[PDB]
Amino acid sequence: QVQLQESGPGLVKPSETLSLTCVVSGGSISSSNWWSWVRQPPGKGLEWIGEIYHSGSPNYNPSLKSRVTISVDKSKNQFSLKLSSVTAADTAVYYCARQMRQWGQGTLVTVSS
């Protein structure tokens, strides 16, 4: 059994590149096949960002592609997410999920200035 915990910088200024981190504890990140990112703006609904089922290549949301980069490394044993050129609409709670069955408790990111 493992427990996921995602962490971020909290508050970032516009146009600045965002970088999330989902740490897997109690086991390996390779124990589960497929990992996914998904965010929801406050007062709004869920939005799937991207997923990595494949050691070969990740799936990304068309609207968010290019801006978003997702990665899986075994050295630090954590799920990686990077959003470039962030606007005031990217401010949301970012969730980490494996097999979309188990979820982390999320981390709020606010984009203000």
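Don't overthink the numbering: it's just position in the shown sequence, from 1.
When 39-47 is weighed against 76-84, 76-84 comes out higher, by mean CA B-factor as recorded in the entry. When the C-alpha B-factors of 16-24 and 90-98 are averaged, 16-24 comes out higher.
Residue 108 sits in the lowest third of its chain by CA B factor, as recorded in the PDB entry.
For residue 55, the recorded CA B-factor ranks within the highest third of the chain. Only modelled residues enter the ranking.
Residue-level temperature factors show residue 61 in the lowest third of its chain, judged at the C-alpha atom.
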